[PDB]
Amino acid sequence: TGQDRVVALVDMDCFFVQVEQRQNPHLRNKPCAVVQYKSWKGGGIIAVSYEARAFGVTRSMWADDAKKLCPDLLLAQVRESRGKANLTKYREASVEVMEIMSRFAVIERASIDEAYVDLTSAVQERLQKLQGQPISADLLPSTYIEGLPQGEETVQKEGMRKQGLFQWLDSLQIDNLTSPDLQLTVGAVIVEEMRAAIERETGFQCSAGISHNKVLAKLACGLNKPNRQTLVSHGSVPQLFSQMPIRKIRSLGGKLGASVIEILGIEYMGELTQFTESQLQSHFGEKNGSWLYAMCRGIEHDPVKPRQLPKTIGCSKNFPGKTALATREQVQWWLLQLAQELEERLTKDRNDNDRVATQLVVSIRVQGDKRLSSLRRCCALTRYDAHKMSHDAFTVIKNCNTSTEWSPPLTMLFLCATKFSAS
DNA sequence: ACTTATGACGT
DNA sequence: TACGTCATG
């Protein structure tokens with residue numbers, strides 16, 4: 001029934017904003033955003049506080065337009081180094097959180113602000129120590145139970161939260177709830193503690209989803225935000241999916257989800273239940289069909305990968321429109337700038353994480369191409385040397401220039417290090 | 001003129 | 001390999 005595992009998805013609420021708010025107290029509890037590259041239209045927003053979201057301010061919005069929506073908005077700019085955005089501060093804060101999470105359970109870093117947590121073993125241990133012990137509501141002070149309450153206090157959201165938690169707990173206590181339900185509940189108690197440790201030790205608040213797999217846990221995470229956690233049980237899946245737009249499910253937010261909607265003639269996740277697996281496999285392929293068939297039933301098997309460390313390290317800069325690189329010197333100079341930041345990051349990785357990158361991947365985008373990458377070429381990464389890496393990167397891609405000039409001018413340079421080896 | 005990074009799959 | 005494409009933060 002896909003109830004074997006307990007899995008959490010933890011997400012740092014507007015993480016870059018929190019990092020800035022911790023460092024500059026004046027920014028706390030105010031409509032706030034983090035921007036990069038202020039010159040063009042105030043710069044683009046990459047993180048927005050909840051106070052600012054109320055005004056309709058979103059990420060990937062220009063700061064000048066954001067100010068139109070929210071006149072009182074406070075802006076924090078990303079550190080700029082070597083002519084590009086420098087995210088070191090956020091990566092460092094990110095590592096702080098992952099270390100704390102690591103003490104409680106097995107974690108998979110999903111991005112800079114999120115991680116999956118496999119709590120199956122952790123739950124098993126707690127159960128033995130806590131045998132025969134009722135689970136107080138006091139253990140779950142920020143937990144919402146999806147689908148509850150069912151059946152004056154309720155007008156307030158905290159009123160709703162309490163009643164749902166009480167019905168849920170009373171039903172476990174009674175013996176009405178299944179064994180996987182108890183596992184999730186203990187998982188949630190563990191996550192409350194993990195979240196309390198994170199805030200105490202970093203000052204950072206975060207939301208979490210708790211469920212039996214990654215898709216459900218990620219879904220649950222978004223249900224009650226910010227600074228709250230949501231338990232989605234197997235039993236809640238039918239009602240939850242019944243009105244749940246397909247594009248909301250992890251991995252269905254793009255072309256596949258669109259074609260599932262377009263080919264099937266449906267809009268909600270639960271509608272997928274009417275199709276046989278073979279029907280779904282014939283439309284979308286063996287793997288996707290199988291995965292769809294199981295997912296609409298709340299079943300998903302992707303494991304939480306024990307991996308706190310990124311598999312690749314990289315940096316990129318965009319040169320949109322008129323700023324597109326059109327000279328040899330410009331291309332070399334920017335490759336150098338990128339290779340310089342890469343070196344610093346690689347060396348830090350080497351001393352901290354006891355591994356070295358062995359392959360250098362160069363990606364570029366040319367003017368007139370919509371695709372994220374127009375071209376990708378690799379070469380050996382023998383020495384963590386910015387001048388060598390930059391020069392090697394040039395060698396592999398120089399043949400791309402059709403015709404001291406460069407054309408078609410590049411709208412993108414990307415350097416990425418891959419294939420890490422223990423040492 | 002939404003920028004900057006990652007992880008994973010198909011071939 | 002792109003080595004290239006998809007999906008997401």
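Letters A, B, ... are given to chains in the order of the sequence lines, protein chains preceding strands, and every chain is numbered from 1. These values consider heavy atoms only, across backbone and side chains, with no hydrogens, waters or symmetry-generated copies.
Per the geometry, CZ belonging to A/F15 stands 12 Å off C1' belonging to C/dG9, to the nearest Å. The nearest whole Å value for the distance from the NZ atom in A/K311 to the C1' atom in B/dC9 is 12 Å. Nucleotide B/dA5 holds its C1' atom 11 Å from the CD1 atom of A/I46, rounded to whole Å. Atom CZ of A/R109 is separated from atom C1' of C/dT8 by 13 Å (rounded to the nearest Å). Here the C1' atom of nucleotide C/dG9 and the CE atom of A/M12 are 14 Å apart, to the nearest Å. Between the NZ atom of A/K248 and the P atom of C/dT8 there is a distance of 10 Å, rounded to whole Å. One atom, NZ of A/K287, and another, P of C/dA7, lie 12 Å apart when rounded to the nearest Å. Spacing between atom CG of A/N318 and atom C1' of B/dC2 amounts to 10 Å, rounded to whole angstrom units.
Between A/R376 and the phosphate of C/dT5, there is no side-chain N or O to OP1/OP2 separation shorter than 4.0 Å. Dashed line: the shortest gap from a side-chain N or O of A/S316 to OP1 or OP2 of B/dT3 is not under 4.0 Å. An OP1 or OP2 oxygen of B/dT4 is reached within less than 4.0 angstrom by a side-chain nitrogen or oxygen of A/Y37. Distances shown here put every side-chain N or O of A/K305 at or beyond 4.0 Å from the OP1 or OP2 atom of B/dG7.
Where A/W40 and A/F414 each meet DNA chain B at their nearest nucleotide, the meeting point lying more 5' is that of A/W40. With DNA chain B read from its 5' end, the first of the two nearest nucleotides for A/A85 and A/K322 is the one closest to A/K322. In terms of position along DNA chain C, the nucleotide closest to A/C378 lies nearer the 5' end than the nucleotide closest to the other residue of the pair A/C378 and A/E114.
Note on A/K84: only backbone sugar-phosphate atoms sit closer than 4.0 angstrom, heavy atoms only; bases stay farther off. Residue A/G44 is classed as having no contact, given no heavy-atom separation below 4.0 Å to the nucleic acid. Within the 4.0 angstrom heavy-atom criterion, only backbone atoms of the sugar-phosphate kind lie near A/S111; the bases stay farther away. Counting any heavy atom pair closer than 4.0 Å across all strands shown, A/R247 reaches no nucleic acid atom. As judged by a 4.0 angstrom heavy-atom cut-off over every strand, A/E108 is placed among residues making no nucleic acid contact. Counting non-hydrogen atoms under 4.0 angstrom, A/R371 reaches the backbone sugars and phosphates but no base. Across all strands shown, A/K317 has heavy atoms under 4.0 Å from sugar-phosphate atoms exclusively, and none from any base. If you check every strand for non-hydrogen atoms under 4.0 Å, A/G321 touches nothing. A/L252 comes within 4.0 angstrom of the backbone, heavy atoms only, and of no base.
For A/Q36, the listed nucleotide lying nearest its side chain is B/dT3; candidates were B/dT3, C/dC6, B/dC9. In this structure, of B/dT3, B/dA8, C/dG9, it is C/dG9 that holds the atom nearest to the side chain of A/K218. When distances run from any side-chain atom of A/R307 to the nucleotides B/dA1, B/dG7, B/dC2, the shortest one goes to B/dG7. Listed nucleotides B/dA5, B/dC2, B/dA1 differ in distance to A/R345; the shortest reach to its side chain belongs to B/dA5. Checking B/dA5, C/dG9, B/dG7 against the side-chain heavy atoms of A/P310 singles out B/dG7 as nearest. Comparing C/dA7, B/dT6, B/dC2 against the side chain of A/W62 picks out B/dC2 as the nearest. Nearest nucleotide to the side chain of A/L87, out of B/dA5, B/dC2, B/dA8: B/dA5. In the set C/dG9, B/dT6, C/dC6, C/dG9 carries the atom at the smallest distance from any side-chain atom of A/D113.
Nucleotides B/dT4 and C/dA7 place their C1' atoms 15 Å apart, quoted to the nearest Å.
For the 3.5 Å distance criterion, the side chains of A/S142 and A/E192 qualify, holding a donor opposite an acceptor. For A/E199 and A/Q205, the side-chain atoms include at least one donor-acceptor pair closer than 3.5 Å. Side-chain atoms of A/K317 and A/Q337 form no donor-acceptor pair, as typed in the model, at a separation below 3.5 Å. Side chains of A/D13 and A/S207: a donor-acceptor N/O pair is present below 3.5 angstrom, by distance only. Between the side chains of A/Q18 and A/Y90, no donor-acceptor pair is found at a separation under 3.5 Å. Side-chain contact check for A/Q367 and A/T411: no donor-acceptor pair (N or O, by modelled atom type) lies under 3.5 Å.
Both distances falling under 3.5 Å, in either a Watson-Crick or a G-U wobble arrangement, place C/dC6 opposite B/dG7.
Judged as a salt bridge (charged side-chain N to carboxylate O under 4.0 Å, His left out), and not counting sequence neighbours, A/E51 has no contacts.
For A/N399, the CG atom counts as densely surrounded, since its 6.0 Å shell holds more than 12 non-hydrogen atoms of other residues, nucleotides or ligands.
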